[PDB]
Structures are given as structure tokens and as C-alpha cells.
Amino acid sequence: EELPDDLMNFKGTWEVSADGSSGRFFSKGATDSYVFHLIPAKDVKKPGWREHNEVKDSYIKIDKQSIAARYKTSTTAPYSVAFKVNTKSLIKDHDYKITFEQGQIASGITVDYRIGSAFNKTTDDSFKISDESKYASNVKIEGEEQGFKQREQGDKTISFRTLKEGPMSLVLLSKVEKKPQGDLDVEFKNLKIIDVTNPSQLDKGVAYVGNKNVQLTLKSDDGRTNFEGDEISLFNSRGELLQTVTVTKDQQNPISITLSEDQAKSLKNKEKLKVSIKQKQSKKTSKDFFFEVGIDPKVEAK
């Protein structure tokens, strides 16, 4: 069976220019606004805990599978550290499922999970938590709420729909409300994201005997309007494949399928043609749809 591709872009590095690097940010006073969390320039590729440049209030650590923050006793609270773990380029108006493990959460740390813009691979990148609604709709954490809270440790699932095309990020936020009395660590690991978009459905099909042009009107029960990536297969009543087409970005109804001259000539009056739609990214396949070939209702000629 065909599995959807993992669309994470997490190579386990702070090296800003490196492909798959992750963003690192902070917010003094734990406000809506975050700026880039600088670390000593000579140490950006070094494994282990990396100090917040000069101030050393927070340390951060990344490796092939995990990303973590440490709050020191010198932290001025409230204070928040956030990471951005980038995805590959996403399709506009597709549905995605992020999974990861919430590792250790020290006593005193509260956590939030958001969707955001991708980390833009600059040391002056910035973001606002409240920018989430510019990039994603319908964000849902299974069994939990967004906003800073204490959370159970274990597997997490977050689903959302994109509002734009392009890479995005999972934003992993944590904060302390009071000054730490010892090192407080929080870890996140084993990040994955897959496309879970449902394929569109056939609303209506128009085909006439001897006519090469087939017009298929698509619909979506769950409100999708960008049918990009759906693979439409059209078959005759004998189950023989006639044509396959892939829907392009924001392609409007009706979707045209052009038959060969022999195929058009072979269509029978009232023939039940079959349509099967495969979502190429999520790998989900629709139910079989059927429609009849008709007689062109165009005006008679004499």
C-alpha cells in the first residue's frame, strides 16, 4: 500500500543557512512577539546545550531527532523560548497531520503548539503567535487546547488546513512564569507531517456520443476549493481506462478530459462511465462515481 510522504524538513541543526535548519526565538515578558535567539557564532554547529548569546538565561539543544530548551536561574520571568521546525513546501488548501512526542516538561514550564510561517533562514527572523491565522485554519490538537498550559508527556497529533502554498513551521513554545530555582528542561522529538487531504468528489459529468470533450464538475464535502493534486481516472462501462488527468493549482470547474477520436466514437448512448479520484499527496482514493453518456441537447439542424 502507498504511504504519504513525510513532509518535515528537520535536519537537526542551528546552522542558519543549512538545509533543514530550525528556527530559535525568544520573548522577554512572554508577549505575543518573538525575535531570533542568538547563540555564540563560533558554536552554532557544536553539539550540546548552546547559550543564549551574552545573557545565558536560556540554553537550547538540537540533534537528529529532538529539540530542547533549558531555562536557567538567571532567567527574568516571565520568559519564553520558541522553536520553528520547518516543513517542505505545502499545497494551498490541503489538510495536514503533524505528529510528535512531547518529551520531558520541567515543573514550572508551560507549553503551546502553533502553526506559523517557515523559519526564513536569517538571524533577524521574527514572528507573532497571533500570525497563525494567516497560515492555517481549523488547527486542532487531539485531546488538548492551544495556549500555554501544563500538558501530559507523550504522543501528540495536530491537524490543520493551509491558507497558503509554501513551507510552514510547527511552532514549539514554552515559558516560565516565575524565576527558576534550578535548570528547567523541556524536550520535543520525532516530528512528522503528512498530507491527509480527502480527494474531491464528482458532482456531475458531461459526455456525449462521438464528442472528445468530457466535462467533469468536482465538489468537496469538507470545503476544499483547491483541487490541485487530485488524479482523475475516467473509465468506460466495461471498466477500461480511457484517460487520466491531474488537477492543477486552483483549476476551475469544469475539469476537461479529452478522449481519443476512437474512444469518443466508441461511447454508447446512456453508457455508465466511471470516475475514480486519487489524492496524489495523501494517497487517499474516492468512492467510484458514475454518470451516463447522453445525447448533446444542442439545437437540431435541418
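Residue positions are given as counts along the sequence shown, with the first one as 1.
Per the record, averaged over C-alpha atoms, which has the higher B-factor: 225-233 or 204-212?
It is 204-212 that shows the higher mean C-alpha B-factor.
Please compare 165-173 with 215-223 and say which has the higher mean C-alpha temperature factor in the record.
Taking the mean C-alpha B-factor of 165-173 and of 215-223, the larger value falls to 215-223.
Based on what the PDB entry reports, which of 63, 51, 32, 240 has the top C-alpha B-factor?
The listed residue with the largest C-alpha B-factor is 240.
Of 277, 245, 67, 38, which one's C-alpha B factor is largest in the deposited record?
Within the set 277, 245, 67, 38, 245 shows the top C-alpha B-factor.
CA B-factor ranking of residue 178, expressed as a third of its chain
Within its chain, residue 178 is a highest-third residue by C-alpha B-factor, going by the deposited values.
Cα B factor band for residue 290 (lowest, middle or highest third within the chain)
For residue 290, the deposited C-alpha B-factor lands in the highest third.
Split into thirds by Cα B-factor across the chain's modelled residues, where does residue 9 land: lowest, middle or highest?
Lowest third - that is where residue 9 ends up once the chain's C-alpha B-factors are sorted.
Assigned third (lowest, middle, highest) for the C-alpha B factor of residue 281
As the PDB entry reports it, the C-alpha B-factor of residue 281 lands in the lowest third of its chain.
Ranked by Cα temperature factor within the chain, is residue 86 in the lowest third, the middle third or the highest third?
As the PDB entry reports it, the C-alpha B-factor of residue 86 lands in the lowest third of its chain.
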